[PDB]
Amino acid sequence: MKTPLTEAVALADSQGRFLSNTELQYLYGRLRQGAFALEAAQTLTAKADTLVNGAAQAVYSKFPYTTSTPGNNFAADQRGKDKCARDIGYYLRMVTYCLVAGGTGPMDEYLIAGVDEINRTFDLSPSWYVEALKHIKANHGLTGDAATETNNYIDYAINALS
Amino acid sequence: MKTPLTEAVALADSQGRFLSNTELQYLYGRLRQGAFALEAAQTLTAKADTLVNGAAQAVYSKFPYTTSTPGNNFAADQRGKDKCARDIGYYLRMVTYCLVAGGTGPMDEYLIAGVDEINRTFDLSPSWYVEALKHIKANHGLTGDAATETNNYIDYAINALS
Amino acid sequence: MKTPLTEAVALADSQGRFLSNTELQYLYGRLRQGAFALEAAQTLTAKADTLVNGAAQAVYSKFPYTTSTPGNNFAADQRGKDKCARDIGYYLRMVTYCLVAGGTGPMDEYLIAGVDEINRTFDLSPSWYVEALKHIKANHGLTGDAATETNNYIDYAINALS
Amino acid sequence: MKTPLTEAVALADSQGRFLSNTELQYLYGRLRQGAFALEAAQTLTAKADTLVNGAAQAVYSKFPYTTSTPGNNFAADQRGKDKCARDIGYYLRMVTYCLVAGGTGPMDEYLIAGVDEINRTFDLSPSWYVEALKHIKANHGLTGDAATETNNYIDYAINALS
Amino acid sequence: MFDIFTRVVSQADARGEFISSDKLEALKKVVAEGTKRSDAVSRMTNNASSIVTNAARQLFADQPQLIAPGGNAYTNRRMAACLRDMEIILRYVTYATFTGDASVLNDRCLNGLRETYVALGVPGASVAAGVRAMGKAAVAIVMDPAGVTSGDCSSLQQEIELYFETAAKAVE
Amino acid sequence: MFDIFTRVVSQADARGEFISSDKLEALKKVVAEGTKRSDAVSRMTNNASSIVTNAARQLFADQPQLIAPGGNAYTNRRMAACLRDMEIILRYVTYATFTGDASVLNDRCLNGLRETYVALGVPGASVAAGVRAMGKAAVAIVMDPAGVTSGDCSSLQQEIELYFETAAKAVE
Amino acid sequence: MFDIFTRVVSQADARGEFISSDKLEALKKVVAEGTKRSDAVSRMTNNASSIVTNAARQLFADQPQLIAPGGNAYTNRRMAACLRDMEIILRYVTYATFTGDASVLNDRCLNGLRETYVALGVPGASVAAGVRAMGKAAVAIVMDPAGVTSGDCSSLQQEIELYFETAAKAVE
Amino acid sequence: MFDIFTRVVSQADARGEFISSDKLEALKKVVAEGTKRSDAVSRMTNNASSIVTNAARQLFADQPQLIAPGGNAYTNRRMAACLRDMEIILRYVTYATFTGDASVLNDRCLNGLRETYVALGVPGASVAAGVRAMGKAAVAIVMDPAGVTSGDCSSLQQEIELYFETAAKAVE
Amino acid sequence: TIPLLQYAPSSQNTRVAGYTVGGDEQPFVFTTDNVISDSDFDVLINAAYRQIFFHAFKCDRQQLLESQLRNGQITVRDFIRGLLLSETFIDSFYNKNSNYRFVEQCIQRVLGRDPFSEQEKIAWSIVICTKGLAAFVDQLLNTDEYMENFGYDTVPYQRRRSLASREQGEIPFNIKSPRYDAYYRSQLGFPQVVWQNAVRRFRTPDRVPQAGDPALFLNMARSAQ
Ligand SMILES: CCC1=C(C)/C(=C/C2=NC(=C\c3[nH]c(/C=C4\NC(=O)[C@H](C)[C@H]4CC)c(C)c3CCC(=O)O)/C(CCC(=O)O)=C2C)NC1=O
Ligand SMILES: CCC1=C(C)/C(=C/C2=NC(=C\c3[nH]c(/C=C4\NC(=O)[C@H](C)[C@H]4CC)c(C)c3CCC(=O)O)/C(CCC(=O)O)=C2C)NC1=O
Ligand SMILES: CCC1=C(C)/C(=C/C2=NC(=C\c3[nH]c(/C=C4\NC(=O)[C@H](C)[C@H]4CC)c(C)c3CCC(=O)O)/C(CCC(=O)O)=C2C)NC1=O
Ligand SMILES: CCC1=C(C)/C(=C/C2=NC(=C\c3[nH]c(/C=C4\NC(=O)[C@H](C)[C@H]4CC)c(C)c3CCC(=O)O)/C(CCC(=O)O)=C2C)NC1=O
Ligand SMILES: CCC1=C(C)/C(=C/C2=NC(=C\c3[nH]c(/C=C4\NC(=O)[C@H](C)[C@H]4CC)c(C)c3CCC(=O)O)/C(CCC(=O)O)=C2C)NC1=O
Ligand SMILES: CCC1=C(C)/C(=C/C2=NC(=C\c3[nH]c(/C=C4\NC(=O)[C@H](C)[C@H]4CC)c(C)c3CCC(=O)O)/C(CCC(=O)O)=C2C)NC1=O
Ligand SMILES: CCC1=C(C)/C(=C/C2=NC(=C\c3[nH]c(/C=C4\NC(=O)[C@H](C)[C@H]4CC)c(C)c3CCC(=O)O)/C(CCC(=O)O)=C2C)NC1=O
Ligand SMILES: CCC1=C(C)/C(=C/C2=NC(=C\c3[nH]c(/C=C4\NC(=O)[C@H](C)[C@H]4CC)c(C)c3CCC(=O)O)/C(CCC(=O)O)=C2C)NC1=O
Ligand SMILES: CCC1=C(C)/C(=C/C2=NC(=C\c3[nH]c(/C=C4\NC(=O)[C@H](C)[C@H]4CC)c(C)c3CCC(=O)O)/C(CCC(=O)O)=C2C)NC1=O
Ligand SMILES: CCC1=C(C)/C(=C/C2=NC(=C\c3[nH]c(/C=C4\NC(=O)[C@H](C)[C@H]4CC)c(C)c3CCC(=O)O)/C(CCC(=O)O)=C2C)NC1=O
Ligand SMILES: CCC1=C(C)/C(=C/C2=NC(=C\c3[nH]c(/C=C4\NC(=O)[C@H](C)[C@H]4CC)c(C)c3CCC(=O)O)/C(CCC(=O)O)=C2C)NC1=O
């Protein structure tokens, strides 16, 4: 739960102090952010389906042993590729939620806290989702300020995975 | 030590993470603040001497028993009024520092933390500094956005005193 | 630092009481262990060089994209395969140390505590060392009780990696 | 509750790990112990009644002021000697339980934790039970391995009492 | 602890698809009215002390028992603690209209407060009257415009009346 | 926290005389079968991870809600915590068959677990199905012989089925 | 823990009069260049992981002892801890250029670090070489103008070289 | 905290190759003599209380100041604390001969003990005489053979004399 | 300012003396001064994590406190303070629970005992909202009960949970108090029914074959020649 407003409330709350001018600035600085952020969330919602299909294409082209070698984790048959579409769709949707909230807290809460044990026990190499997020950040084609926000955004995703 | 930048650093340190997207907005929102704030600090520096003299005039006119009754706390003689000029000059200077820093932390650190025991042991009624800050916030005559922020800033001063 | 003797000392220290009758048995039970364990450590020292070479053969035959795809982590050129010989030799040597000490503490201290971040940041898929330890536990050919102790042994290695 | 198995479980629970080679070593070392221990418990059960009667004889012969001086604690009349038969029978039975469990935990739980206040408030000099356990450890006549356990065993009893 | 942005996020996640366009018109107009919202909060905040003393002064004029001996707020630290509680309820309702959601209010302060006031012996209806009068002064302090740009501050007057009402009804 | 040796001890102490001969035949054959018992435990904990993932993979194939959004094990840390719970239940049932008594199992992990899963909102019947499938794989891993002398472990197959059953019925 | 705004504040307070006009031109141009400053920080922390692995991979190519047995970073947790330390030094130098002052860097991480590395037995010159190479890559991530509006950034490259240099010289 | 098995492990790791054959003959004969070692420890802790009172009774016969008024061990809790310290030193030397290494002894109890006894005002030479007499009685519980198999314990009587000597010289 | 309410203590296994002896039900005690090897730091750090966060994952672990404690400048009491004021504890425990349940959980995890009464959690719930979580944790650590039972250099534990010659002593408090309650799982809305009973397939009901049925001899005719 990291949005700038809840962190201002937590600071005032932890401190026990009443709301102040310092907290107030965040709200109209969340204007510099949000005035492009909601636009970028809508255009990502439009771009979404071709983004997951291209990311699945890039992951399969980078690592052919996934589509070749038979296994539960590997996408040899149909149902593995269905799991891949589910996983990359989850990643893109958490990027959209992270973009709308303004902070990494939805993404940090819904993805990052358990990804190390899941990648350890279920044999999911994180470099696959590295490929997927790099293909998304190359393919999304955001313009101006919104695009810059995503890079800081999607790089945080790769840094949590790597 | 409350400025928005040090609170962003404190949040990232307590959470042990690199500055995220939310922190970045913080400083360009400190642009919404600072682009008038430094102007208002300069014009307060110009207004300063007539502000303290008028505030001393208002405090003496509101409470004539200070200038009448002989005592150490009361400004009966010259040296008491010199202490009053010192105290209101300290208040105005902390307002200017609080305006330049962007948060209440200089004012909260240099004034607020000990004011209750000083007003208790030294017999300084805080309604005197209420009069002084109300006269300052009426007399400073700031224009547009700078004035409202200062008014909010001076209300925090009165709320700490009351 | 998990050997049965140091854990007996740690239990007696935490309770603040000198070794009881139960503590004494511990070491003559370390006889049921050690009377084969030192033999098995010697025969592993003899088997060692062909074990690492066969494990490198099995890892390269299981995953051909390592020897094919150019990368820093992958063993495309000579120096990558030299790093592989180093890594599997380290694994086999920690198995030998774990066998001589009697508990997992040398292996748990020298390998297990940092393997998750190293596999995360350096892109070393742990299923490679799964292949390596499975090939070692198939190829070592230990006799009787010594073989079973190692198996519980090498399964703990795979369970720490998976 | 000190048996070697429950201490192995307690160690594995406090560390949060699963069992190792050590657990197997611990219990097959409980074979070095138990293969004589259950025999010695049976032969103590056979020896028991003459052991308590001889221990009462030795305590009365060592300290004649117990059988002479009238008091509640002293065994002047019949009911005091009945209390003595009860107390030494309790001591011998805790020795048998301590022998069957494998560790001092039954004896340490059922006797040792309150013996200092009972000997303080009820005026029971512990040198009486020193005499009783020394007479038992001289009279039990267990050959070989059983004797070592008793000395290790019965000496722990005297060390808790002294 | 929920912003209305992450209210839309969590509801769309429990749904499990992207945020729809109708919610995006609503969130855009939330962004266009959040200006009003945030500093409506701070306007409510500045005289917060005078609001608290005026509501307590009115309450102890209405119920003379609470300053009578034997009353609940009679001795000096109990009276100071009652002022502390009224300040806390005002501060949390201020947080709630800053978040734009009553989730912080119902989540942080109101929930066990009902049981606390019953187990202490504290009257609840007196607190309800206090928070209601405090809310009236709160909007009016935030509603009347003195030296402020004319704006649509009426939207807040609605929601802050809702927040004070939830506070008073959850105290009971 | 009770070994079966100190089960006999505590029962004979609550009786208050020495351990009888019939209990000593029973304890001697316990000593002759504890060999089977202890390392039955360790071969159960040999493939404990693969057992845990196979039981969870079967469970989320049987109940597609728990990986569907809105389900109990949907988000990533809740799914990881569910894997943690299944590992914990397997580890404690492993401790219980090492002690030879279900007292460690009912004493250490099962008792408040029923109330914990009800108060969290966690389904209990899903856990019951998971521990049952996990127990089937557990005996068969131990039961199947790879590089081990043939022996009668029927009691072990027996008692570990009892322990997994007590775990699943106490979860409910 | 000092922002450059409160550096000017604390210096003017130790002086004891108002902030002069020359410091206000300087602070205004600080405000006009802080745009560059803040997100210079975030593009430095964009590739922070790849920067850390590249600097460590170069360091262990330059000094083959540290991955040789008997070296300081040889075993697996010591190597992971060294990666942790290099990440920490990069993160704190990132904080320092976000505050605009080296006070957070010298205050939070560098000061006892010299004594810590001496008392552990850790080489200091190896860390100095690592932070120097890391700083070169750090500005160049920052100095490069691709995919972004191009404006003079000769000040940030300057100050971040100063911050990395203070880090490496204070490690020693 | 070091077993002699992990002494060989840590020394071979700081070397960085496998354990040599000569160390394996040594460790095999360690395994053949550890039988003697472990229960040598427990027969030392058999009469540990009577050893402690006999050494203290001899010490206060040799130095009549310590039970004279004004002495260090004069009042009742100081005398009880001195008995506690002598029991602790015997127990840790017992741990050290159970581990087979003096690392637990020098690591757990001896190191700050010198400074503690100097800063308290406690005499150190009196403790040295106490641990020396205690060690003589300690081996002889072990050294004399009664109703048991004869053996070459000269090596071992050996090591416990070394451990008591390190204790007394590190107290000083 | 305003002092605490005076709440009378209630009877429990802690304020009583107890004649403790070395057994396993006694928690293994982890102390900074005697762990001095690098692995035993890992066991101590894992144990403190098991108490404060209940098996913290790698996301929850704080690198700075663990690093600084392995060097040894940090005291484990200050390490526990840093854990309680760390954001993963605040997020998991202070956010989701109310003030009263938070004080219940925090007293159980710092002091190692259940609070005496509900009025004690009520009396301690003033200070956290008025003075912050930092002042609450600081005032909790400064109390003499935490110091006499654990001290500077001891990871806390559940104190005297289990009495002698008991099968069970008490719930371990890691099982008893999780981070959610009923109130906040109601907000997350978790009991969505599994609904795998009585689906009522509409296909025609199977009828057991009557005596003399042709099918009865179907299964043997399939096996026959
Ligand atoms: C909301 C955040 C979220 C994440 C990150 C997530 C990861 C996740 N991926 C899973 C499976 C999977 N994910 C993949 C995807 C891949 N594996 C590969 O080898 C491909 C390269 C890659 C395709 C890009 C596959 C194949 C599985 C199947 C595992 C199995 O069937 O046992 C599972 C097991 C659940 C199941 O059985 O359906 C989880 C929890 N789940 C989540 O809910
Ligand atoms: C930087 C923040 C700061 C504050 C707030 C501050 C208050 C402050 N005011 C003081 C005195 C004073 N302040 C006053 C001023 C007044 N009293 C009245 O009755 C008038 C109504 C009012 C004039 C507005 C007077 C008369 C004293 C003299 C006390 C004495 O001489 O004993 C003193 C005693 C120090 C001294 O002896 O000079 C302190 C510490 N000092 C600080 O450094
Ligand atoms: C004592 C315990 C211990 C472990 C576990 C360990 C792992 C370890 N393996 C490493 C590298 C490596 N390990 C491998 C080995 C492999 N990678 C593959 O793709 C192959 C499938 C596999 C061969 C089996 C390779 C290729 C590297 C090179 C990484 C690089 O050059 O950047 C490194 C980086 C150190 C260096 O740069 O030399 C560490 C720390 N080191 C240790 O000291
Ligand atoms: C802690 C390290 C350790 C291990 C692992 C260990 C195992 C172990 N299992 C044994 C026997 C055995 N183990 C089994 C186990 C089984 N047979 C089956 O067919 C079943 C499926 C399965 C049980 C589920 C059997 C049947 C025997 C026969 C001998 C005996 O009763 O001990 C023995 C007897 C002595 C020997 O084999 O040399 C050993 C050593 N001993 C040790 O010291
Ligand atoms: C299971 C472990 C256990 C121990 C150790 C134990 C000691 C114990 N011995 C007691 C009494 C006694 N024990 C003795 C025995 C002796 N006193 C002497 O002077 C003789 C030398 C010695 C005979 C060997 C006597 C005479 C009493 C009687 C006290 C009385 O009647 O007030 C009592 C008082 C209970 C009662 O009134 O019957 C306790 C609790 N009880 C236990 O349940
Ligand atoms: C974060 C939300 C939160 C709330 C709301 C809260 C309330 C709260 N109110 C309390 C007392 C009190 N509450 C009142 C209330 C009043 N006086 C009256 O007569 C009226 C009926 C009412 C004023 C509205 C009084 C008099 C006390 C003091 C009773 C006492 O302390 O003995 C106490 C006992 C501690 C103390 O202050 O001595 C708590 C914990 N605590 C919290 O943490
Ligand atoms: C923290 C420093 C700060 C302040 C003070 C601030 C106030 C502020 N109030 C605004 C608007 C406004 N403010 C009001 C307020 C009201 N109108 C009424 O008639 C009511 C009586 C009253 C509320 C009770 C209104 C109606 C608007 C219209 C524009 C909007 O919705 O924001 C805006 C919109 C942008 C602009 O005016 O340039 C600003 C800047 N912004 C800041 O950055
Ligand atoms: C020593 C014994 C012991 C047990 C058993 C135990 C259970 C336990 N399970 C929990 C959560 C959980 N338990 C599950 C369970 C499952 N997921 C499903 O969908 C299935 C119905 C079921 C798998 C069988 C889930 C999803 C959570 C996470 C809920 C949450 O944390 O929000 C929590 C809350 C803390 C957390 O992990 O976040 C505890 C304390 N704790 C203990 O100390
Ligand atoms: C906030 C600032 C801060 C810093 C900087 C810090 C450093 C720090 N580095 C440490 C270890 C370490 N530091 C290194 C360093 C390196 N490896 C090499 O070979 C090179 C010479 C160098 C890489 C630059 C190594 C190998 C260790 C592990 C030594 C050990 O833990 O045994 C430790 C001991 C704890 C541990 O990680 O095991 C601390 C406290 N702690 C802090 O709190
Ligand atoms: C946190 C999300 C975020 C980002 C990323 C951001 C970046 C950002 N960089 C800007 C400007 C700029 N950024 C640069 C940066 C550079 N030019 C060079 O040639 C150098 C190599 C390089 C520095 C090393 C320059 C030169 C400008 C010119 C305008 C200005 O001074 O701000 C501006 C001014 C407003 C605009 O471009 O619309 C934005 C928005 N703003 C945001 O809100
Ligand atoms: C924990 C319970 C336990 C004990 C007590 C124990 C002792 C023990 N000491 C033994 C041997 C022995 N013990 C000694 C000891 C000595 N001889 C001397 O003359 C010296 C003075 C003295 C050493 C200071 C010797 C010489 C042997 C010969 C056999 C061997 O080397 O083990 C053996 C060999 C097997 C047997 O005797 O049946 C046993 C059992 N075993 C156990 O399971």
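Protein chains in written order, with the deposited numbering: chain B4, 1 to 162; chain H4, 1 to 162; chain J4, 1 to 162; chain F4, 1 to 162; chain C4, 1 to 172; chain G4, 1 to 172; chain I4, 1 to 172; chain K4, 1 to 172; chain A4, 2 to 226. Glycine residues also receive a C-beta, built at the ideal position from the N, C-alpha and C atoms.
Taking only beta-carbon atoms, is residue i less than 9 Å away from chain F4?
i, result
"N47 (chain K4)", "yes"
Find out if the Cβ-Cβ distance for the pair residue i, residue j is shorter than 9 Å.
i, j, result
"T99 (chain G4)", "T6 (chain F4)", "yes"
"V31 (chain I4)", "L113 (chain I4)", "no"
"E159 (chain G4)", "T75 (chain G4)", "no"
State buried or exposed for residue i, treating a residue as buried only when at least 16 other CB atoms are found within 10 Å of its CB.
i, result
"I67 (chain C4)", "exposed"
"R57 (chain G4)", "exposed"
"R108 (chain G4)", "buried"
"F203 (chain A4)", "exposed"
Counting only beta-carbon separations shorter than 9 Å, does residue i have a partner in chain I4?
i, result
"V95 (chain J4)", "no"
Are any of the Cβ atoms in chain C4 nearer than 9 Å to that of residue i?
i, result
"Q42 (chain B4)", "yes"
By the three-class DSSP mapping on this structure, what secondary structure does residue i have?
i, result
"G89 (chain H4)", "helix"
"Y158 (chain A4)", "coil"
"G124 (chain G4)", "coil"
"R17 (chain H4)", "coil"
"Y50 (chain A4)", "helix"
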